[PDB]
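Quick setup: one chain, the form deposited in one PDB entry, written in structure tokens, and binding and motion questions come after.
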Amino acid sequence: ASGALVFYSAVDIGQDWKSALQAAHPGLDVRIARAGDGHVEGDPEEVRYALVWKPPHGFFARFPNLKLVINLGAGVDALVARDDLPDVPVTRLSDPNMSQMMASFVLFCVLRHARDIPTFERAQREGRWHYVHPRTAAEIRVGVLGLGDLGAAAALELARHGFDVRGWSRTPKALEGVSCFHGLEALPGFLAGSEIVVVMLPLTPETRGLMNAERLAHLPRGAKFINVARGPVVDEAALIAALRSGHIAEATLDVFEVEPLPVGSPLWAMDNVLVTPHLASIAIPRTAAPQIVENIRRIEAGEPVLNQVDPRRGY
């Protein structure tokens, strides 16, 4: 006995999401809220599901019969910090296609550093052919901070390519072919062995500024630093200082403390830093829709929903 789904995003095409959802669930009542103020036509009491990205303040209070919130990203740090969040299950998008895209992107980042590509790019700009003897993957230790839906998938993929892979999480995890560390006490040792490090942590009060000057100093000199998580997990000023002193040799950064990265940032002009504009992975309507309609079915049947977030923890 399905109710209506309301959609809000200023940065996603409502019609694409609507078409995909209706293909997965014929006859689903989908209402596209208006960008900016969230105004939506129809009876708001019929709305039971909300698929959103950064909706206006008070948006959820429009819909008193809301049974389910779905964030349009894998991250929920802004959503869970809201004062108007209703006391219902909160879910995020986290499908195998998103997983694959993120894992492939992380692999690209790691391989790019592992195969000395920034050295060749620097040399190419000078018109210089200079052979550098390649290293095998087995020689290189790669650490993944976070072993969740995305982090574990990336770690497992890195392991397939022959890297000596390690992972860090909050609680114990077993992951075949990956050296698993857990807890804050183990973090220095985890970092000490990570020649290449990949940040795949959600942003929470515990992770905010985790990679500060002290944590960066635990990485071995010449480490390669990749952030595909959230910018404020890293103390950006401290990363810059560590890049400038040569403690961090190179970095690939998809996320930043302030996005877009301000024009004045020293990171722009550094030829040992690769800046991507926060697009490591995204949900695609056609492949994201099935899990959404499955959660609609579950909420109406009284079954527990997939990909539920803990609003207190923030992931």
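One rule holds for the numbers: they count along the sequence shown, beginning at 1.
The following text describes the form deposited in another entry, which does not appear among the structures shown.
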Exercise. Select the option from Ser281, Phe63, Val142, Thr252 that falls at the hinge between the two rigid parts moving between this form and the one not shown.
Key: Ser281
Quiz item: So the Cα-Cα distance between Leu158 and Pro96 shifts by 3 Å or more in the other form; is it shorter or longer than what we see here?
Solution: farther
Quiz prompt | Note on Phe59-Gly231 C-alpha separation in the other form, which departs from the shown form by 3 angstroms or more | solution = closer
